[PDB]
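Engineer: Before I ask anything, let me first share the structure, which is written out below as structure tokens.
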Amino acid sequence: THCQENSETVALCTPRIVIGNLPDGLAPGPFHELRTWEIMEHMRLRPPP
Amino acid sequence: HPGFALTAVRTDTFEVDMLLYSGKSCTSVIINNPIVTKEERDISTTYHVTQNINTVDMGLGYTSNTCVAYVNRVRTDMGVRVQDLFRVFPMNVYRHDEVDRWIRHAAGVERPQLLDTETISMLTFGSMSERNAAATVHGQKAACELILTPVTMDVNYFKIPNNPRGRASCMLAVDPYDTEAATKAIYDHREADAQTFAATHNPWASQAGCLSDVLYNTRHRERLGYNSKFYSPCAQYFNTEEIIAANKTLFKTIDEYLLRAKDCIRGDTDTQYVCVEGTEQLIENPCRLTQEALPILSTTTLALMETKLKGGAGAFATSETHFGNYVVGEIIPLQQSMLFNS
Amino acid sequence: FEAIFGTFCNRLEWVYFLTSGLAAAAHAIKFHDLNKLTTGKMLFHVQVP
Amino acid sequence: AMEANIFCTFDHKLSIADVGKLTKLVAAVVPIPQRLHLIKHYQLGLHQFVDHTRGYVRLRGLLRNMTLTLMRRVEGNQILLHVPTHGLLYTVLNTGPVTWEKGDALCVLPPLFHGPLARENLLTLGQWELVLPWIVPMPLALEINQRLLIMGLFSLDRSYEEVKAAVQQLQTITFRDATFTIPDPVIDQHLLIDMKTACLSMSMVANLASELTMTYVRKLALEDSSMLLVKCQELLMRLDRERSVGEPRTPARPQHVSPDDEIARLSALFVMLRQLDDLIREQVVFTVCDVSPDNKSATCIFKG
Amino acid sequence: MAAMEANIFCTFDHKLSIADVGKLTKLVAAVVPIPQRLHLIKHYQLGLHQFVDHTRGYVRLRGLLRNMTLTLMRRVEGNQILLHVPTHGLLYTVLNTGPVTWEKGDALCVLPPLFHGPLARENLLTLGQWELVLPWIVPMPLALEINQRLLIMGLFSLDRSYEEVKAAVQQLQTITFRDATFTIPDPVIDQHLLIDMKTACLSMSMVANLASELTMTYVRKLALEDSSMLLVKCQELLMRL
Amino acid sequence: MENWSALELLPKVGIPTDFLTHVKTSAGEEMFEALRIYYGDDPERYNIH
Amino acid sequence: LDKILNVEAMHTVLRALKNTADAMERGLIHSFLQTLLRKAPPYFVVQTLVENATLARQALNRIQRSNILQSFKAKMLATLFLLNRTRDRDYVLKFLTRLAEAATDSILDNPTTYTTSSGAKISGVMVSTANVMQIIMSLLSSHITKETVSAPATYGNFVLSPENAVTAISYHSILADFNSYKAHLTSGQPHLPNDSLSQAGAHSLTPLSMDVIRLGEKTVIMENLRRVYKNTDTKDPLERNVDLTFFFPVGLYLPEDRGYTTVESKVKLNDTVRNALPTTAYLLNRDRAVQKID
Amino acid sequence: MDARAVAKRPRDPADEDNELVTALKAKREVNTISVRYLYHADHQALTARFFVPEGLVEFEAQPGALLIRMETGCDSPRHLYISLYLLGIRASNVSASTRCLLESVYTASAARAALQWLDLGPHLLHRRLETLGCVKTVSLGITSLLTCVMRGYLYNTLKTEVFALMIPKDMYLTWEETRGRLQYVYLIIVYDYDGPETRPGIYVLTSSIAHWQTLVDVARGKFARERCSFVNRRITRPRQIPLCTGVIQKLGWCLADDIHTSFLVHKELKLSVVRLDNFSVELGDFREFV
């Protein structure tokens with residue numbers, strides 16, 4: 001991003017940490033739910049409790 | 001599944017015949033008498049016999065032309081085997097020690113702390129690290145890798161021959177000798193893209209300074225230590241400093257395409273390497289002229305692949321979908337023809 | 001006794017540039033002072049109807 | 001009979017004004033990567049070894065192995081290039097900055113042009129230029145060779161004003177002739193890879209030896225045939241002032257060291273001298289007997 | 001006196017089988033030293049064999065081989081050999097006796113042979129209890145590491161228990177240069193290594209008392225600020241901090 | 001550059017020319033090394049210094 | 001025993017001279033082929049120019065460049081390997097006559113050289129590997145007709161006039177036939193009879209058998225060159241390699257909202273989240289065999 | 001390229017008339033100069049003329065004597081061409097009797113300048129010198145123009161006599177007891193360290209040894225005293241960085257049968273010197289060593 005400092009427009013790179021930070025443009029809402037059904041399949045929880 | 005997707009690019013080298021045609025008296029060749037210089041190793045005297053030739057051309061247009069006639073066989077493996085970046089960038093290591101020990105053991109690459117002058121040289125430069133493997137039953141092998149958005153459209157982007165970069169960069173469209181306007185069309189995301197008019201089909205490669213640009217633009221790659229022996233199929237798309245400099249009036253372009261557009265690739269070793277420049281046959285690469293790449297047959301699942309192998313002659317070209325899974329039909333029927341025709 | 005029958009040699013075949021049909025494209029001209037000449041240029045003046 | 005030469009040809013066309021620029025270098029060294037007979041201009045000269053990240057030591061290390069060659073006679077469409085033989089005198093043009101007196105031992109070095117422009121540009125040709133190695137007296141090479149190594153050791157310390165000034169002093173050599181400042185290897189706040197590897201080659205030899213040599217000197221000093229290793233045990237201490245009334249009576253020695261790693265440290269001490277060897281010993285390539293007036297041509301007996 | 005001769009004729013005394021004179025015809029343009037340098041040499045003084053001794057030391061050979069006059073064999077025939085003394089700076093072909101392959105542009109060195117181990121060449125030209133040993137010509141890097149291995153064997157030998165020295169010498173002798181393996185023939189600690197121990201420890205200790213405060217400190221300064229693969233192993237050889 | 005106008009005065013041979021897609025384009029897309037096109041009647045042909 | 005060696009040395013010298021002369025001729029052939037391979041644009045380029053020649057009366061407009069680029073890209077994928085895909089005789093004949101019709105005429109053409117007996121006149125030569133011409137002799141056996149071409153028998157020469165020595169020295173430039181220009185300028189005549197490069201060479205002509213093809217009133221020479229590359233250590237310049245970069249997605253995510261499903265009558269995937277999200281991708285080897293990239 | 005053309009024997013220049021004669025035969029003009037035969041046409045020796053001021057000619061009129069350049073500071077007298085003998089006054093090896101003997105012979109401001117420029121510099125002696133070869137054909141005027149050999153044999157014009165290298169007897173040394181058939185001459189400066197100044201001791205060490213490593217190994221034998229004194233000064237003085245303790249440079253070779261004593265005779269002053277007779281010059285370079 002481009003934060004605004006004391007009359008400057010200094011750029012600010014910053015780590016994304018979790019996979020959820022990716023914009024809902026690049027990791028849509030249904031995508032994460034489909035991915036979570038993958039993980040509950042991997043744990044043998046396909047019908048969840 | 002982690003959040004991102006991959007869009008591997010992979011060049012494949014075909015042995016082939018050409019047929020040339022040339023007009024009568026198409027170029028005169030002035031020659032002078034051969035002259036014989038002499039040398040002596042005192043065990044034996046070599047003599048050398050030079051001759052001079054100059055070829056004035058005698059045609060205003062092109063008096064000659066060429067066509068690729070016959071593909072005999074494929075040199076390249078056409079396997080997948082994605083390229084090991086741990087050997088392309090040997091110097092880089094994680095700051096923490098234990099984490100890099102663990103990562104090397106997980107990815108399968110490790111270095112032994114012998115400080116062999118070969119290891120010192122390799123980490124310093126070149127050294128052709130790979131040393132080919134036990135029994136090569138297919139041939140030369142490589143693939144490349146572009147971290148990408150899963151939302152990427154394919155029906156508009158992967159079914160047809162197109163640019164892996166995510167933003168079309170055919171300098172043939174751009175006004176000749178126009179660097180201020182050639183740098184927008186390949187880089188700027190406010191100005192609307194070529195083939196598809198969406199700004200950028202993949203942001204993480206099409207931006208200037210994106211991860212894939214800084215990863216494969218050799219101008220960026222040099223600032224980091226990297227092995228130059230290894231040939232990277234993707235770099236021709238991302239060497240933007242050169243392709244910006246390539247846009248020139250049509251005929252300078254098609255003269256450039258005959259002279260530099262070639263990309264030497266070492267032919268005896270297992271993996272592709274940059275040949276000793278121009279010692280061998282230079283390999284022509286038509287995809288370099290258009291800066292595009294051809295889709296090959298791909299399926300998400302085996303079920304869609306079985307239907308292809310079970311299907312008719314035209315089966316490989318048709319693309320299909322199934323709620324999530326897809327098949328990207330090939331543009332060129334080489335999997336039908338070079339293989340089955342034999 | 002172990003017999004050595006005839007010894008044999010490869011008989012070479014010579015080829016000539018002008019004998020070749022590819023010389024149909026070239027218009028070869030000897031020029032004994034060729035090393036001196038820097039470059040040769042031909043100039044064309046065509047008016048357009 | 002004809003003298004043996006090496007013909008060279010220019011893929012790109014030459015101008016009448018361009019070929020006149022070669023007649024100027026008709027008597028100048030032109031290094032070649034490899035002895036061959038016909039050579040394109042691309043393989044000619046030192047320009048093929050230019051790099052962006054790689055620095056002065058890359059050029060020096062490849063320049064040691066290239067085949068030295070004088071230009072002999074421009075032909076218009078061709079160029080001869082005689083390969084000098086050891087022990088026969090050849091004239092050379094004075095590309096080096098410094099004037100040569102008779103008897104000087106010359107040696108070849110990469111070009112070291114500094115920032116402000118002077119006469120440099122001659123033969124631009126198709127995005128290509130004929131860079132030529134400096135020919136310089138032996139002592140000036142011994143001095144330049146160290147100026148760069150010290151600016152490399154200071155490359156890590158540009159925050160300090162004292163180092164900031166001392167670097168400037170090393171930067172401008174003062175020689176018995178017009179002076180020529182030396183370009184700073186440091187750039188963009190960060191040292192180039194070649195000087196970094198060479199400084200590691202020096203500092204490994206400076207540090208790995210100090211902890212290692214005591215395990216051997218303590219054992220050799222017992223014999224006494226040489227009679228100086230006992231004096232050398234005190235030399236190991238690396239103290240500058242006379243010893244305090246405290247710890248030092250014997251040099252520090254490694255403890256308990258696991259049986260095999262001592263071989264690996266030993267061999268890594270010797271691996272670093274090999275990286276350093278390209279800079280350790282400069283070698284003469286010419287020995288000038290007489291010099292032309294204006295110190296422009298010289299006639300040097302070839303060495304190597 | 002008569003100046004040193006360029007062409008030197010060698011004469012064998014022992015009866016030469018028609019098979020063996022053919023080995024020398026294939027041995028033409030090899031690098032064969034002589035100590036004497038007269039015009040009509042005996043065959044006894046050919047090659048390295050005369051310096052084999054009961055000591056069976058490799059460094060004795062490396063040391064005595066340096067003094068010998070290198071000659072290039074030429075124009076071999078029945079009853080005659082014609083060794084040539086090369087002149088400095090003049091070109092010559094050189095036959096590749098050893099298995100090591102020679103890269104273009106590499107420099108060469110002369111060191112006594114290092115047998116492969118399990119196998120040896122049959123065509124020794126042994127005759128009359130006189131074998132024809134000749135020095136190996138190797139690329140410079142291999143000739144460097146053979147000597148580095150020998151010197152490390154000499155330095156480690158002292159201050160170490162004799163059983164530990166067996167385990168070290170068992171591996172310091174084998175060399176994998178250019179994908180071939182080689183083994184030093186009976187490397188032995190001697191006086192010939194001892195004087196080199198003294199000169200190496202002396203020069204390497206006077207090095208320790210010449211590096212500036214910053215010259216030694218450069219690595220510490222570098223690692224605390226920047227890191228790379230080269231620096232990882234150098235952090236290891238630095239023992240502790 | 002290249003001296004023209006020697007060319008408009010030195011008798012030239014005259015030869016049936018052939019360029020695909022006319023002359024103005026292949027002079028305009030830089031097929032030929034050097035070129036110059038003038039529209040009226042440049043009197044340089046008449047100046048002889 | 002000595003005279004044998006005295007004669008063997010002479011024979012070795014003669015052999016080392018004859019083989020070097022022949023290597024010189026083969027190198028001249030090789031270099032003249034290397035020259036054409038650098039001045040020979042690919043087929044689709046010449047064809048696009050030969051199809052869009054009319055419209056571009058000026059330096060081409062912003063739009064015409066796009067039309068030309070589109071035609072380049074189309075011709076490339078439909079002409080990449082010809083004897084590999086198609087072998088229709090009427091189509092291969094049309095393509096080969098199209099190759100000759102696409103090549104522009106040379107500046108100077110001497111009627112006397114390279115004239116087939118019985119009034120025929122040659123126009124050019126086409127070259128290829130043996131296995132290609134062996135296919136062509138089969139496909140076009142009707143048109144190919146061996147004939148006796150009247151090739152030039154000796155190199156020409158370009159001797160300097162006495163006047164040229166002065167202009168070479170004072171001005172570093174040489175115009176051919178300076179003496180003819182002095183006459184035509186003094187006499188005021190505009191045209192020159194011949195422009196000196198047709199003036200030099202090929203006065204003496206010798207027959208040689210060749211194969212020729214009719215390409216619609218064109219008579220192209222057909223010539224294989226593998227003859228000169230037997231047992232040599234140099235790779236044939238006509239044998240080449242062609243790289244093609246390919247690219248495939250792996251692990252995408254097709255939209256759930258606007259989702260759809262063509263073929264589904266064919267396959268039936270087991271209901272599983274593993275069948276739902278693609279994580280792998282499948283391809284095939286050089287020989288057809290399933291391949292996987294996880 | 002004809003079969004006969006390679007078959008021809010190589011043609012020696014004497015078989016062809018001189019190039020000047022090849023022109024005069026074509027154009028027939030006859031100058032006063034006798035170009036029928038060229039002098040100095042057979043000389044593998046390479047040479048150079050050095051102007052040396054008349055204050056340094058003494059003991060060099062005899063052909064055969066080293067020429068060594070000496071750089072000193074001041075830009076006006078950029079260099080100065082010392083003999084080996086003139087350098088002996090500074091050496092500590094030389095006998096005090098020989099030193100006081102020959103020091104009288106150099107009573108000239110041009111030579112005394114050499115002692116002053118030797119004293120002047122803190123930096124070591126071996127740095128300032130560069131050997132040039134050997135005297136022959138003294139021009140012997142108000143300012144001698146000495147011809148100096150860079151490589152090859154010393155001998156007369158017309159090869160009527162072979163000049164011999166002369167080395168003052170106090171500098172000459174031999175390590176070995178059994179001389180080889182051929183042996184190389186090396187010049188060896190060796191600093192022995194001492195408080196006010198590190199005084200140099202010059203030597204010339206003929207030996208059959210050629211290998212550098214074995215040569216320096218045998219050299220440290222006699223020079224252990226100077227080497228240990230260098231090591232002792234290294235620890236005695238902190239922040240003092242004294243460098244190499246001897247320096248060896250290959251000076252040429254002689255057949256080791258030629259060696260025998262003699263004397264130079266000048267101003268009626270006999271000077272005992274060893275005399276290598278057919279001493280071919282092949283210069284090397286100073287090689288630092290501890």
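Here, A, B, ... name the chains of the structure tokens in the order displayed, residue numbers run from 1 inside each chain, and ligands are numbered from 1 in the same displayed order.
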Report the residues of range 38-219 of chain H whose backbone DSSP state falls under strand (DSSP E or B), written as a count of residues only.

Structural biologist: 56

Engineer: Excluding residue 17 in chain C and its own-chain neighbours fewer than 6 positions away, which residues fall within 7 Å of it when counting only C-alpha atoms? Please give them as a PDB file with N, CA and C atoms, in the first residue's frame.

Structural biologist:
```
ATOM      1  N   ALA C  23      24.257 -23.918 -56.557  1.00  0.00           N
ATOM      2  CA  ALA C  23      24.857 -22.775 -57.218  1.00  0.00           C
ATOM      3  C   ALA C  23      23.883 -22.067 -58.147  1.00  0.00           C
TER       4      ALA C  23
ATOM      5  N   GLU G  25      35.655 -27.109 -50.788  1.00  0.00           N
ATOM      6  CA  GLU G  25      34.447 -27.054 -51.607  1.00  0.00           C
ATOM      7  C   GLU G  25      33.197 -27.304 -50.780  1.00  0.00           C
ATOM      8  N   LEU G  28      32.403 -24.239 -48.798  1.00  0.00           N
ATOM      9  CA  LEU G  28      31.775 -23.206 -49.610  1.00  0.00           C
ATOM     10  C   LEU G  28      30.305 -23.507 -49.835  1.00  0.00           C
ATOM     11  N   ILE G  29      29.975 -24.768 -50.108  1.00  0.00           N
ATOM     12  CA  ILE G  29      28.573 -25.166 -50.211  1.00  0.00           C
ATOM     13  C   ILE G  29      27.848 -24.874 -48.903  1.00  0.00           C
TER      14      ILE G  29
END
```

Engineer: Show me, as a PyMOL selection string, every residue of chain D with an atom at most 12 Å from chain G, counting only C-alpha atoms.

Structural biologist: chain D and resi 15-17+19-20+76

Engineer: Tell me, in Å to one decimal, how far CA of residue 75 in chain H is from CA of residue 299 in chain D.

Structural biologist: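 That distance, rounded to one decimal, is 23.4 Å.
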
Engineer: Quick check, in Å to one decimal: how far apart do CA of residue 114 in chain D and CA of residue 182 in chain D lie?

Structural biologist: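 Between these atoms lies a distance of 6.1 Å.
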
Engineer: Could you list, as a VMD selection string, the residues of chain D having an atom within 9 Å of chain B when counting only C-alpha atoms?

Structural biologist: chain D and resid 1 to 5 7 37 to 38 52 to 53 193 to 194 197 264 267 to 268 271 to 272 274 to 275

Engineer: Which residue, E:93, E:101, E:11, E:203, has the smallest gap to chain H when you use only C-alpha atoms?

Structural biologist: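 Of E:93, E:101, E:11, E:203, the one nearest chain H is E:203, counting only C-alpha atoms.
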
Engineer: From the list G:284, G:108, G:273, G:10, which residue is nearest chain A when using only C-alpha atoms?

Structural biologist: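 With only C-alpha atoms as the atom set, the closest residue is G:273.
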
Engineer: Residues within 12 Å of residue 34 in chain A, please, as a VMD selection string. Count only C-alpha atoms; anything in the same chain fewer than 3 positions from it doesn't count.

Structural biologist: (chain A and resid 27 to 31 37 to 41 46) or (chain B and resid 1 to 3 324) or (chain G and resid 253 to 256 272 to 278)

Engineer: Grab the residues selected above and save them as a compact mmCIF listing (two decimals), in the first residue's frame with N, CA and C atoms.

Structural biologist:
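The result, written out as again.txt:
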```txt
# COMPACT_ATOMS: atom_id res chain seq x y z
N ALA A 27 -9.52 -15.16 -3.66
CA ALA A 27 -9.86 -16.38 -2.95
C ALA A 27 -11.29 -16.20 -2.49
N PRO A 28 -12.25 -16.49 -3.36
CA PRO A 28 -13.65 -16.14 -3.07
C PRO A 28 -14.18 -16.85 -1.84
N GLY A 29 -15.35 -16.41 -1.38
CA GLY A 29 -15.98 -16.97 -0.21
C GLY A 29 -16.34 -18.44 -0.28
N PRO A 30 -16.99 -18.89 -1.35
CA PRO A 30 -17.24 -20.34 -1.48
C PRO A 30 -15.97 -21.16 -1.61
N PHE A 31 -14.87 -20.56 -2.08
CA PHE A 31 -13.65 -21.34 -2.23
C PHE A 31 -13.15 -21.85 -0.90
N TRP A 37 -14.22 -28.31 3.34
CA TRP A 37 -14.74 -29.66 3.18
C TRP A 37 -13.64 -30.62 2.76
N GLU A 38 -12.60 -30.13 2.08
CA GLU A 38 -11.44 -30.97 1.81
C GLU A 38 -10.77 -31.40 3.10
N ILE A 39 -10.63 -30.49 4.05
CA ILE A 39 -9.88 -30.78 5.27
C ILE A 39 -10.69 -31.68 6.18
N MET A 40 -12.01 -31.48 6.23
CA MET A 40 -12.84 -32.38 7.01
C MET A 40 -12.98 -33.74 6.34
N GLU A 41 -12.81 -33.81 5.02
CA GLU A 41 -12.67 -35.12 4.39
C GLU A 41 -11.37 -35.78 4.80
N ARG A 46 -16.39 -36.35 7.01
CA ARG A 46 -17.17 -35.88 5.87
C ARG A 46 -18.62 -35.60 6.25
N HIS B 1 -5.50 -28.16 -0.56
CA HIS B 1 -5.27 -27.16 -1.58
C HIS B 1 -4.91 -25.84 -0.93
N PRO B 2 -3.73 -25.30 -1.17
CA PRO B 2 -3.43 -23.93 -0.76
C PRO B 2 -4.04 -22.93 -1.74
N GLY B 3 -4.15 -21.68 -1.29
CA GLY B 3 -5.01 -20.71 -1.95
C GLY B 3 -4.70 -20.46 -3.42
N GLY B 324 -16.50 -28.70 -12.03
CA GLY B 324 -15.29 -28.15 -11.47
C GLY B 324 -14.10 -28.51 -12.29
N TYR G 253 -9.95 -23.12 -9.92
CA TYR G 253 -11.23 -23.26 -9.23
C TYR G 253 -12.31 -22.62 -10.09
N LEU G 254 -13.08 -23.45 -10.78
CA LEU G 254 -14.13 -22.97 -11.64
C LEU G 254 -15.31 -22.49 -10.81
N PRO G 255 -16.04 -21.47 -11.26
CA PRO G 255 -17.06 -20.85 -10.40
C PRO G 255 -18.16 -21.83 -10.03
N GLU G 256 -18.61 -21.74 -8.78
CA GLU G 256 -19.75 -22.55 -8.36
C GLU G 256 -21.07 -21.93 -8.79
N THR G 272 -17.44 -36.81 -3.69
CA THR G 272 -16.37 -36.63 -2.74
C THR G 272 -15.87 -35.21 -2.92
N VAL G 273 -15.36 -34.62 -1.84
CA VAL G 273 -14.74 -33.31 -1.97
C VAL G 273 -13.43 -33.42 -2.73
N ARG G 274 -12.81 -34.60 -2.74
CA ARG G 274 -11.62 -34.79 -3.56
C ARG G 274 -11.95 -34.73 -5.04
N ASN G 275 -13.08 -35.30 -5.46
CA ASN G 275 -13.51 -35.10 -6.84
C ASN G 275 -13.95 -33.67 -7.11
N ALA G 276 -14.26 -32.90 -6.07
CA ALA G 276 -14.82 -31.57 -6.27
C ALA G 276 -13.73 -30.57 -6.64
N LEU G 277 -12.76 -30.40 -5.76
CA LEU G 277 -11.71 -29.42 -6.01
C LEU G 277 -10.54 -30.07 -6.73
N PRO G 278 -10.18 -29.59 -7.91
CA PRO G 278 -8.98 -30.11 -8.56
C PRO G 278 -7.74 -29.67 -7.82
```

Engineer: Using only C-alpha atoms, which chain E residues lie at most 7 Å away from chain H, written as an MDAnalysis selection string?

Structural biologist: chainID E and resid 1 3 66:67

Engineer: Using only N, CA, C and O atoms, please write the residues we just selected to a file, as a CSV table (one decimal), in the first residue's frame.

Structural biologist:
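Dumped everything to part24.csv:
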```csv
chain,number,residue,atom,x,y,z
E,1,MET,N,82.4,-25.7,-21.0
E,1,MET,CA,82.0,-27.1,-21.2
E,1,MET,C,81.1,-27.2,-22.5
E,1,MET,O,80.7,-26.2,-23.1
E,3,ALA,N,77.6,-27.3,-23.9
E,3,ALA,CA,76.4,-26.8,-23.3
E,3,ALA,C,75.3,-27.9,-23.3
E,3,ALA,O,75.4,-28.9,-24.0
E,66,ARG,N,61.0,-33.1,-8.8
E,66,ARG,CA,61.1,-31.7,-9.1
E,66,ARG,C,62.5,-31.4,-9.8
E,66,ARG,O,62.5,-30.5,-10.6
E,67,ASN,N,63.5,-32.0,-9.3
E,67,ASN,CA,64.8,-31.7,-9.8
E,67,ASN,C,65.2,-32.3,-11.2
E,67,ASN,O,66.1,-31.8,-11.9
```

Engineer: Report as JSON, numbers by chain the set of chain A residues whose atoms approach chain B to within 7 Å, with distances computed over only C-alpha atoms.

Structural biologist: {"A": [19, 26, 27, 35]}

Engineer: For chain E, which residues have at least one atom within 8 Å of chain B, if we go by only C-alpha atoms? Write them as a list in words, please.

Structural biologist: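 Every residue of chain E that passes the 8 Å test is in residues 29, 91, 92, 93, 227, 228, 229, 230 and 233 of chain E.
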
Engineer: With chain G as the partner and 10 Å as the cut-off, tabulate the residues of chain H that qualify, each row holding the nearest pair of atoms and their distance in Å to one decimal, using only C-alpha atoms, sorted by chain and rising number, as a tab-separated table.

Structural biologist:
```
residue	atom	partner	partner_atom	distance
H:1	CA	G:17	CA	7.9
H:2	CA	G:17	CA	8.0
H:3	CA	G:14	CA	6.3
H:4	CA	G:10	CA	9.3
H:6	CA	G:13	CA	8.2
H:7	CA	G:10	CA	8.5
```

Engineer: Could you write out as number ranges by chain the residues of chain C within 9 Å of chain G, counting only C-alpha atoms?

Structural biologist: C: 12-33, 37

Engineer: Write out as an MDAnalysis selection string each polymer residue whose atoms come within 10 Å of residue 277 in chain D, counting only C-alpha atoms; drop sequence neighbours fewer than 4 positions from it.

Structural biologist: chainID D and resid 61 198 201 272:273 281:282
